[PDB]
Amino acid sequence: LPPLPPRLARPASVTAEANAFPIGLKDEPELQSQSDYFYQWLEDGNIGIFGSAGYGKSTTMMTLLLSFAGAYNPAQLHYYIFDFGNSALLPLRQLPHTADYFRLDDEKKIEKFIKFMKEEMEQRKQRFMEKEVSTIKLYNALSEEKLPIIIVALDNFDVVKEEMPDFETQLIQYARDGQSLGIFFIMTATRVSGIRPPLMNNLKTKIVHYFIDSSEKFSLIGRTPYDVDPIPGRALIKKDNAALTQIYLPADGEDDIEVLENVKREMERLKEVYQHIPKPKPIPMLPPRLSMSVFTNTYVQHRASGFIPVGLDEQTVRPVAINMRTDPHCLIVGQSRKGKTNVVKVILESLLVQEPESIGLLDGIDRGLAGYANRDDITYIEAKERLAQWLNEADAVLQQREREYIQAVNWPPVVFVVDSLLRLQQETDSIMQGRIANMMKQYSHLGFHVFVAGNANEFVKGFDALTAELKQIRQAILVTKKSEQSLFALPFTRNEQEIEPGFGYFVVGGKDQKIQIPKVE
């Protein structure tokens, strides 16, 4: 009955850790008056915002998230924003509470969010079982280290309804089994046609703005005595009953820009208040680019001997390393212009800092490792007689080590690096290829390591002893598809992506892992 104004600004956030938020001015016919509509924290559950274009769906979302942010710090509240419209939730990306920001085409990013949520819900259910509780409200009441509330904010659900099936199933899980774990879901939507019942029924609070066709309103909420006028912000908010309400604006302002300017100021203020509070981490993602300098410093946390860091795990964004103690040898398998020489550089850079006794470097055709020559540990090999000298010199040391081993108790690395296997078998005979193969099965435990790079066909072409010995090596770095090499039997599909310089596969023990290889320069 009482006339509702067209524009109202929300009250100032003046209650730390509030349990109720004024989101709009509602008509209360039972009193024939007006008062704030208070959304109950946790209890009122997930929020579904509906209405036609231009009637305040995204505006309501902004008022909610900014209100919650004023009461809780980024350690208590985490935002995951899915902006599947026209960047309506883009400003909120600067909120300290915003853990990550997702877009409609962020396919890799979204799939990793799903992985995180599945694990996070698992961990939370396991933390509850220890405290013998079933609610985060109970857990955070009996715990020293409290769990942060997670909110999945999704704008424009219309694109999920059709274009993204696998992602919708997860959203249904979040809405159905999320409240108890501390995970809540707020979403806007225009067309309510294909919103499944297990999602709609888990949207306890429904904020329904004006619809051009009254049919959609009847689908969301039941029959009502009152209807909403075509006024932006005007809505029927149903939880138990529908209350005619004018939703509050995100901030003060006589027009849109003035409001948006004040919103930006408020977010700067929250940034000042919560400055001493740690902000949530984003979903573990691989960097756009990766240099050896960056990889060595900010990623390699542990620099232990006998371990060779070769790249970043795609899934965990953590460095995978070669265990020289359990896998003394390694193959660099790849294709034309894929990253073979660069991987060799990574191994060499990982060496030279572990105090090797000697490093025999047999460069390839292009001479792309001539810069590593003349170093105080590297024996750059060009000629055939020079190679024979290094092998026989390595033979002497490894033989004495065998005599030092028999004498005393149960080694600094003696390393033989081959940038090109094709070039090796082009400047040597099948007899010397047997000598190298012999040293591998005789001195492997005495600190002798080999690293041979080359294209996939180079490892399967030969019938010689060296080829036979190399195809028994279980550890490898693949700068090629798993479906384009005959050395290792690895699971794959036709839909596996193509490899490009900067990526590859870390292979050991019959298992593999997509890795990001740093660029050495």
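Residues carry their position along the shown sequence, with the first being 1.
Enquirer: Pick one of none, 1 to 3, 4 to 9 or 10 or more for the number of deposited-sequence residues not modelled between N410 and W411.
Expert: Missing residues, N410 to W411: 4 to 9.
Enquirer: Given the B-factors recorded for C-alpha atoms, which segment has the greater mean, 375-383 or 267-275?
Expert: For C-alpha atoms only, the mean B-factor is higher in 375-383.
Enquirer: Read off the CA B-factors in the entry, average them over 61-69 and over 449-457, and name the higher stretch.
Expert: Averaged over C-alpha atoms, the B-factors run higher in 449-457.
Enquirer: Quick one: which of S215, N201, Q123, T98 has the biggest Cα B-factor according to the entry?
Expert: Out of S215, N201, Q123, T98, the record gives the largest C-alpha B-factor to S215.
Enquirer: Quick one: which of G253, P309, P250, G194 shows the highest Cα temperature factor in the PDB entry?
Expert: Of the candidates given, the C-alpha B-factor peaks at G194.
Enquirer: Against its chain's modelled residues, does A12's Cα B factor rank lowest, middle or highest third?
Expert: Highest third, going by the recorded CA B-factors of the chain.
Enquirer: Lowest, middle or highest third: where is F463 by C-alpha B factor in its chain?
Expert: Ranked within chain, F463 CA B lands in the highest tercile.
Enquirer: If you rank the chain by CA B-factor, which third does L1 end up in: lowest, middle or highest?
Expert: According to the entry, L1 has a C-alpha B-factor in the chain's highest third.
Enquirer: Could you look up the Cα B-factor of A489 in the entry and say which third of the chain it sits in: lowest, middle or highest?
Expert: Top third by C-alpha B-factor.
Enquirer: Compare the C-alpha B factor of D327 with those of the other modelled residues in its chain, then answer lowest, middle or highest third.
Expert: Middle third by C-alpha B-factor.
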